[PDB]
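Participant: A structural model of the following input is requested.
(chains A and B, ligands or ions: 1)
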Amino acid sequence: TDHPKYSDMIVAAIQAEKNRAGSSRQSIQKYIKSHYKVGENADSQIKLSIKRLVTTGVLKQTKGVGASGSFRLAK
DNA sequence: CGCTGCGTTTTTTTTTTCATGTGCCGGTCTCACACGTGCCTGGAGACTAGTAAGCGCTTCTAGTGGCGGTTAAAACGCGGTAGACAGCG
Ligand SMILES: [K+]
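Facilitator: Numbers count the residues shown, from 1 in each chain, chains lettered A, B, ... in the order given. Now the structure:
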């Protein structure tokens, strides 16, 4: 029972939810609690992690700024 | 393997029909406005009379300046933070 790396947890959930707009923080957060396991902050962690993927170019942004909008996978 | 574009399949947006409720015209029937008539009460006349109120005069209050002094209170401005407003699901 463990929370693998920010990205190694989102990678797993965004991966099972095909969408033309993609997957958006609300959706993602609802997955992790569903099947995996966590205490809390997670949601605040998920945001910074997704911000790390925005800047670098790991996970694209569909529409919106910060942790508001839709965030897909690499290619 | 990775990309890249380019025909495909779908989505978005445009244009044209289309089925809907609108308010628009012109003929029938109803009971409500308007008239009227006749009776009765409440307004008018007029004069009486008694008292309220308005004007001037008496006083004296309580309202309007005005004079500085000290302080508490406004002013102003700078600095940052949390709350207003938009945007996403
Ligand atoms: K007075």
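Participant: residues in contact with the spatially most central residue of chain A?
Facilitator: Residue closest to the mean C-alpha point of chain A, counted by CA atoms, centre = their mean, is residue A:10 at 4.3 Å. Counting by CB atoms under 8 Å, 6 or more residues apart in numbering, residue A:10 makes contact with A:28, A:46, A:49-50, A:53, A:59. Every residue, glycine included, has its C-beta placed from N, CA and C.
Participant: if we go to 10 Å?
Facilitator: Counting by CB atoms under 10 Å, 6 or more residues apart in numbering, residue A:10 touches A:4, A:23, A:25, A:28-29, A:31-32, A:45-46, A:49-50, A:53, A:58-59, A:71, A:73.
Participant: Please tell me how far it sits from DNA strand B.
Facilitator: 15 Å (CB to the nearest atom of the strand, to the nearest Å).
Participant: right, and the helix or strand after the helix or strand hosting that residue?
Facilitator: In this assignment (DSSP states H and E), residue A:10 forms part of helix A:6-14. Next helix or strand after helix A:6-14 toward the C-terminus (DSSP H and E): strand A:23-24.
Participant: which strands and helices sit next to that next one?
Facilitator: helix A:6-14, strand A:70-71 (3 or more CB pairs under 10 Å, 6 or more residues apart in numbering; DSSP states H and E).
Participant: Kind regards, and thank you for your time.
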